[PDB]
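Student: Next up is a structure, given as structure tokens.
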Amino acid sequence: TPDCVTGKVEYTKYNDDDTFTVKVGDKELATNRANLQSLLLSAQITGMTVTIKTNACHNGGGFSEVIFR
Amino acid sequence: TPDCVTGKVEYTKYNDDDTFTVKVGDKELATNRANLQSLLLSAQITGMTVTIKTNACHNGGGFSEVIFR
Amino acid sequence: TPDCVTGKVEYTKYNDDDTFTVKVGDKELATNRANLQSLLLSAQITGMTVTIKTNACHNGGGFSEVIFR
Amino acid sequence: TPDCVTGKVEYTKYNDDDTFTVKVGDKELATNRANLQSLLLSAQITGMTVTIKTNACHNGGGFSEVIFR
Amino acid sequence: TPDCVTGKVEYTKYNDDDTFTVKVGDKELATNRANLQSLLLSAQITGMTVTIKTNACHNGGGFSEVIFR
Ligand SMILES: OC[C@H]1O[C@H](O[C@@H]2[C@H](O)[C@@H](O)[C@H](O[C@H]3[C@H](O)[C@@H](O)[C@H](O)O[C@@H]3CO)O[C@@H]2CO)[C@H](O)[C@@H](O)[C@H]1O
Ligand SMILES: OC[C@H]1O[C@H](O[C@@H]2[C@H](O)[C@@H](O)[C@H](O[C@H]3[C@H](O)[C@@H](O)[C@H](O)O[C@@H]3CO)O[C@@H]2CO)[C@H](O)[C@@H](O)[C@H]1O
Ligand SMILES: OC[C@H]1O[C@H](O[C@@H]2[C@H](O)[C@@H](O)[C@H](O[C@H]3[C@H](O)[C@@H](O)[C@H](O)O[C@@H]3CO)O[C@@H]2CO)[C@H](O)[C@@H](O)[C@H]1O
Ligand SMILES: OC[C@H]1O[C@H](O[C@@H]2[C@H](O)[C@@H](O)[C@H](O[C@H]3[C@H](O)[C@@H](O)[C@H](O)O[C@@H]3CO)O[C@@H]2CO)[C@H](O)[C@@H](O)[C@H]1O
Ligand SMILES: OC[C@H]1O[C@H](O[C@@H]2[C@H](O)[C@@H](O)[C@H](O[C@H]3[C@H](O)[C@@H](O)[C@H](O)O[C@@H]3CO)O[C@@H]2CO)[C@H](O)[C@@H](O)[C@H]1O
């Protein structure tokens, strides 16, 4: 799966449908994997660099793959 | 969904019905989303600014949408 | 539900029946809500003040309501 | 249940059968309670003193009762 | 189960199939145990030394056993 955006998490958002949005770089991307919520908030709090891989690389696009560095 | 309140979390409370209350600004709001409990307490401990979006913007109103900054 | 004890968490204990005991103030109180375990240990580690509300305000009494401040 | 060992956690280990081993003092003990995994690793990271209570107080013995101080 | 790699966690990755990859030493290894995701990310953030034991000791190999030191 290709890299879409790499960077620090600017903000996260919990959605009415239980999905979770993350803003990294110039894109807001959303995931339906509940296990990733606490992991992503942890990366945001600690300032980790994350890479989000997705073929839906556009604002509002979905993802499931994330590299935490 | 419109913004209701934005600010640091003053206190959180676990309710007898397993819902979770948060006090931000001048409003106590509650959520039935279990996944938000650990995320909100983490935001409270670390001093994050949160924005709660809800149409029930009154004391005791419910919500599901939260932006963590 | 009336306030029972307010203070820092002195110690916590995981019980054989999966309930969880917290000592706050002059009382040991126990809860059967699994979701509260990680929340309470977090309060203990970070030194938060908690208020436990319960009508069984005696040693070994049960609770479900907790305010994290 | 009698106290078995009190001390700081030296190391923890996740096992193939989903049990979790902890080395405290001179004993390696294991638990089948999944809820204790994140609580014990948190105690390990923060340097908390824990007391494990069990009648199987020997290497490889099981436990479920833990006091976090 | 034999020791495969020991070292600090270089990066972690959440996979489309809900498995979780860790890079330690010269190998990426992945686990299907959900419970390990938060524990491994915590090890990564705090700089713990982990030892992964597995008989599939090759890049992309699976594992379930990990020692956190
Ligand atoms: O969390 C939401 C969602 O994330 C992942 O799927 C993403 C999009 O939601 C999905 O529409 C997209 O589909 C791809 C095909 O996989 C690809 O073969 C084709 O070339 O393009 C479409 C549209 O871009 O895939 C992305 C991930 O790359 C995840 O796979 C999915 O289960 C779900 O978790
Ligand atoms: O966690 C509790 C609850 O939060 C969200 O719902 C909120 C209120 O509980 C709900 O009564 C309120 O409904 C609104 C409609 O959104 C609005 O379209 C209609 O005109 O008026 C009613 C009454 O105010 O909505 C808020 C959130 O905006 C969440 O949506 C719900 O699933 C549940 O989680
Ligand atoms: O986690 C254990 C338990 O906590 C809460 O219940 C507490 C006691 O376990 C329960 O015996 C006690 O019952 C009260 C009645 O609610 C009250 O109406 C009556 O007058 O007195 C009895 C005895 O004090 O209530 C406390 C909490 O106040 C929680 O409600 C329960 O679901 C369970 O989680
Ligand atoms: O997590 C594993 C396991 O821990 C707890 O049980 C422990 C041992 O695994 C169990 O064999 C042992 O049983 C004792 C009885 O307590 C005692 O009354 C009897 O006389 O002898 C046997 C020793 O062979 O007890 C320890 C804990 O004391 C936990 O109770 C169990 O449910 C399980 O979680
Ligand atoms: O999380 C993935 C997976 O991890 C553990 O299994 C590992 C490999 O996935 C599995 O293919 C490998 O199988 C071994 C046999 O156990 C061994 O008897 C034989 O000699 O070699 C094969 C191939 O290497 O075992 C490793 C762990 O050593 C875990 O056991 C499994 O449940 C699953 O969680």
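In the structure tokens, chains take letters A, B, ... by order of appearance, with residues numbered from 1 within each chain and ligands from 1 in the order shown.
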Among chain C, which residues carry a DSSP assignment of alpha helix (DSSP H), reported as a PyMOL selection string?

Tutor: chain C and resi 35-46

Student: Which parts of chain C does DSSP call strand (DSSP E or B) when run on the backbone here, written out as a ChimeraX atom specification?

Tutor: /C:3-14,20-24,27-31,49-53,61-62,65-68

Student: At a cut-off of 8 Å, using only C-alpha atoms, what residues contact range 17-31 of chain A? Leave out same-chain residues fewer than 3 positions from it and give the result as a ChimeraX atom specification.

Tutor: /A:5-14,34,36-37,58-64

Student: Please identify all polymer residues within 8 Å of residue 66 in chain E, counting only C-alpha atoms, omitting same-chain residues fewer than 6 positions from it, and present them as an mmCIF file with N, CA and C atoms, in the first residue's frame.

Tutor:
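result_27.cif, written as the output of this step:
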data_model
loop_
_atom_site.group_PDB
_atom_site.id
_atom_site.type_symbol
_atom_site.label_atom_id
_atom_site.label_comp_id
_atom_site.auth_asym_id
_atom_site.auth_seq_id
_atom_site.Cartn_x
_atom_site.Cartn_y
_atom_site.Cartn_z
ATOM 1 N N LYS D 13 6.453 -11.020 30.668
ATOM 2 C CA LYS D 13 6.567 -11.784 29.425
ATOM 3 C C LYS D 13 5.179 -12.226 28.982
ATOM 4 N N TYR D 14 4.910 -12.051 27.689
ATOM 5 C CA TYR D 14 3.620 -12.504 27.143
ATOM 6 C C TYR D 14 3.890 -13.939 26.625
ATOM 7 N N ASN D 15 2.987 -14.859 27.008
ATOM 8 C CA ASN D 15 3.143 -16.277 26.651
ATOM 9 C C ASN D 15 2.249 -16.732 25.486
ATOM 10 N N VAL E 50 13.183 -5.231 24.268
ATOM 11 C CA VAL E 50 12.308 -6.399 24.207
ATOM 12 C C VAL E 50 13.032 -7.556 23.537
ATOM 13 N N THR E 51 12.625 -8.771 23.901
ATOM 14 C CA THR E 51 13.198 -9.947 23.285
ATOM 15 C C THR E 51 11.973 -10.649 22.694
ATOM 16 N N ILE E 52 12.053 -10.983 21.408
ATOM 17 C CA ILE E 52 10.911 -11.662 20.784
ATOM 18 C C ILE E 52 11.383 -13.095 20.553
ATOM 19 N N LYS E 53 10.569 -14.051 21.004
ATOM 20 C CA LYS E 53 10.927 -15.456 20.810
ATOM 21 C C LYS E 53 9.982 -16.017 19.758
#

Student: May I have the residues within 10 Å of residue 48 in chain B as a ChimeraX atom specification, using only C-alpha atoms and disregarding those fewer than 4 positions away in the same chain?

Tutor: /A:45 /B:7-9,40,42-44,67-69

Student: How many Å lie between atom 19 (C, counted along the ligand's line) of ligand 5 and CA of residue 56 in chain E, rounded to one decimal?

Tutor: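 Interatomic distance here is 7.8 Å.
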
Student: Under the rule that only C-alpha atoms and all ligand atoms are counted, which of D:54, D:16, D:38, D:49 is the nearest residue to ligand 4?

Tutor: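 Among the listed residues, the smallest separation from ligand 4 belongs to D:54.
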
Student: With only C-alpha atoms as the atoms that count, which of C:47, C:32, C:41, C:57 lies nearest to chain D?

Tutor: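 Under the stated criterion, the closest residue is C:41.
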
Student: Could you tell me how far atom 12 (C, counted along the ligand's line) of ligand 5 lies from CA of residue 4 in chain E, in Å and to one decimal?

Tutor: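 Atom 12 (C, counted along the ligand's line) of ligand 5 sits 12.3 Å away from CA of residue 4 in chain E.
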
Student: Suppose you want the space between atom 14 (C, counted along the ligand's line) of ligand 2 and CA of residue 33 in chain B; what is it in Å?

Tutor: 15.9 Å
